[PDB]
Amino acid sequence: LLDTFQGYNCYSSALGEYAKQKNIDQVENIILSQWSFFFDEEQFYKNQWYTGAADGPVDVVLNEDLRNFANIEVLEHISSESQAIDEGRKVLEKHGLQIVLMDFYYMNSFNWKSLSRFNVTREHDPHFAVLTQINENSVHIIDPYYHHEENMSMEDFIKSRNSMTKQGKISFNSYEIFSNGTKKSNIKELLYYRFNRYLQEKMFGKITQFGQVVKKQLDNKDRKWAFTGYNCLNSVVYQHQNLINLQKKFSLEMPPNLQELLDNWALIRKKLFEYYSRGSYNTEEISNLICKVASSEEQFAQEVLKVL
């Protein structure tokens, strides 16, 4: 496990790892101060990523925050097999790193056997990685979200960047952190804006919506939603850990139950993974834990604005 920037999703992980290595100001703090939750019932029933911090793979709300706070744009470069690797060489020569969208089917970033899951189904999902080296017949990539690196054959790398996925077709997409006129934001301004937006958009209500949909899965023999949910909610654990780390670094005033809320989310994840793999009939229990944390998160957001 590499010491890479975690962010709260593969997109923010890649952006922050890039910003860390290349000394790009503001990006890391804007990521670490994010506070968000979404729920898409239509995506739930399509076996797509349906909850957690953000819809993806690109986090459009984070891009809006980067533009609004730092006047930072994340430029999407689409390419072709004729041009993509040459463009990579030009970027590596100048910057030493290129942010790329890859089909995770061709990556082996997370060891599921560590959690006693030996039936590891390959899926065509877009995932952000950082290209660090182009050789004749191989590339080196860092997956900062999963703290993993690998050497990939040029053949497999090209396949991973031209692949049809569950979310659509990758076409050698690469991402450039660009600014013409950056701005500095204080960490308290970033958190104030995020917590006000969380309450105004009633994002805690999306947690309740998620709980209500879980309760209605008691008769669903297809438990894949619980595995998807488990993976989706890592983003929420990471935002809670990021806010704990901001509190320590900036000596911030926080409501006293932040660690308890992180523990509540970790337990919800543990129960979803157990439900998925152990065939338990405890959708009501998991629903109850989710509906409880929704109420606690509403109160926590109100309290942050009072003490910050």
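Quick note: we count residues from 1 along the sequence shown, nothing fancier.
- As the entry records it, the average C-alpha temperature factor is higher for 65-73, out of 255-263 and 65-73.
- The stretch with the higher mean CA B factor, choosing between 26-34 and 276-284, is 276-284.
- The residue among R194, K183, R161, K206 whose C-alpha atom has the highest B-factor in the PDB entry is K183.
- Remark: of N173, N231, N111, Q98, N111 shows the highest value [criterion: C-alpha B-factor in the PDB entry].
- For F250, the recorded CA temperature factor ranks within the highest third of the chain's modelled residues.
- Among the modelled residues of its chain, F44 has a C-alpha B-factor that falls in the middle third according to the deposited record.
- When the modelled residues of the chain are ordered by their C-alpha B factor, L190 lands in the lowest third.
- Compared with the other modelled residues of the chain, the Cα B-factor recorded for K166 ranks in the highest third.
- Sorting the modelled residues of the chain by their CA temperature factor places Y238 in the lowest third.
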